[PDB]
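Next up, structure tokens for two forms of one chain, structure 1 and then structure 2.
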Structure 1
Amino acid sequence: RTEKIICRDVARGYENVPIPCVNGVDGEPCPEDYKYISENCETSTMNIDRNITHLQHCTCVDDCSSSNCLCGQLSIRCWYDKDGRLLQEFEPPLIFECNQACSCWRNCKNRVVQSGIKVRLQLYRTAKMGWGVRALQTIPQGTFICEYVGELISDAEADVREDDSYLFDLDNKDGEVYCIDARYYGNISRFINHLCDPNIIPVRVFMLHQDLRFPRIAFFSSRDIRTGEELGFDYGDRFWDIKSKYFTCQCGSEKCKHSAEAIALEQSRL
């Protein structure tokens, strides 16, 4: 079966680079049961706090490469290197990028996520997991890949929705909990599958607002990724504790934690 290219760009030119779709596995048409959006949306009143006078910001007159940068200091247990790659210490990390209140320029060293997708990605048909996303180039460890984009909703709203297959929990620790639901509105991330041996990780980020209800979710590679490799993150135990009643993990890794067999082994262990 020939690998058919069935959409030149599922993002319709909204990203820095196109994200084509191919299918060399079956007859499934390009997915159209969602609306592609490149930035988060709301379908009820969220009213993100964007008061420019309440943004924490820096006064740097350089490129914000120094440890004196306030925005760098606000970042929790992570920092960027000269090439825009993310380094960690590992309480989950938290990135404060520079913003419109900072004295610095738009091209300072603390602007990776807000500058958008730089790597070549592809939406493709997997053998066993439906649609997936893979790299069309080599990607070094620590590289920004893409943002988890979708519809901002309350945890209360998320609990009553019928389909939770595209639901991301922001897990706010101070204040009410919100989610990003990519079921009806989402970007390329909605198609990223779960891997027990993941090669990307989600990281909370603040950029042009610092409304603590709504960290934005950035994926960075957690290791060097090879051309053609499927992208995947660890959805987490909570997802599988719920979903395993319907289906189990097919990531196929020797380290798979969520297969029928793995779950049975964890049960007998407990």
Structure 2
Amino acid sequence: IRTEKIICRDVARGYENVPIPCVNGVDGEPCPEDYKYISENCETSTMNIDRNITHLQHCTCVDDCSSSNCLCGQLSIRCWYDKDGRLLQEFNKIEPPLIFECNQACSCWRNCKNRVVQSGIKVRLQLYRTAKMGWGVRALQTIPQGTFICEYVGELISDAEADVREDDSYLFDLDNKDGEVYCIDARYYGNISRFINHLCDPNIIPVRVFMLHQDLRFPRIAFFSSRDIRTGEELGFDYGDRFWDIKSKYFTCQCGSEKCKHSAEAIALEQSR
């Protein structure tokens, strides 16, 4: 019986609000170190993001931003966060709206109700070695539906540069449309989210968020739980068909769910008809 070993006390090296330990009870692979952990997106060529403070839409709330008059709320029809920072029950989890959080131009206080993602990771997570999907991330506590988990953080790159990246295991498109579109590549520079696996039965969903800038080319990708998550459960999202159409020629899904759509068996059945 191989022991479970704690192989890193904190993969984030103190950069997150909480430590993120790594364990391995499955094989001899040591703590992954072939990437630089960063807690906020980085750049490796000029992205010319619009950071002009006078361009920000902002609110005039003298409140905690919980009234229907908060402009930042209205830019997504309403503020989607409840009093504990969780997405409302009614939040559209199929096609999420763009969230505009409060920023430095707002009159409100830093602890207003519309600042969840910018406050960082609160839930306790663990990087661990899975049976069949390499590293994964799981919950060390129960997490209610609608809770902010973490952001997909990496190296911001253009569409064209993403097209010639050798390793395409960690590329996340910011926009599904044609033209001047950008991507996060977490291959060389990323946070805990780079270890989050695909599940055909997902428990987290990615949401586009704006915080300190509102350059629409560069939404930040925030993961929220899509249902109550039990202690010990592996986290995962649906990577989507723009991943699997390319990747399924090289490997197939090992998620093991009855609804799996990307296993060898699922793909084989569909080749038949």
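Reference numbering: structure 1, starting with residue 1. Shifts are known only where both forms have a C-alpha. By rigid core we mean the largest C-alpha set that fits within 1.5 Å across both forms.
Asks: Once the rigid core is superposed, exactly one of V177, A101, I76, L136 has its CA displaced by 2 Å or more between structures 1 and 2; which residue is that?
Replies: None of the others reach 2 Å, which leaves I76.
Asks: Give me the C-alpha shift of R8 between structures 1 and 2, core superposed, in Å.
Replies: A shift of 0.5 Å.
Asks: Quick one: how many Å does the C-alpha of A264 shift between structures 1 and 2 once the rigid core is superposed?
Replies: Looking at the C-alpha of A264 between structures 1 and 2, the offset is 2.5 Å.
Asks: Segments of at least 3 residues with every CA displaced 2 Å or more between structures 1 and 2, core-aligned, in sequence order?
Replies: Runs shifting 2 Å or more: 76 to 78, 87 to 90, 172 to 175, 264 to 269.
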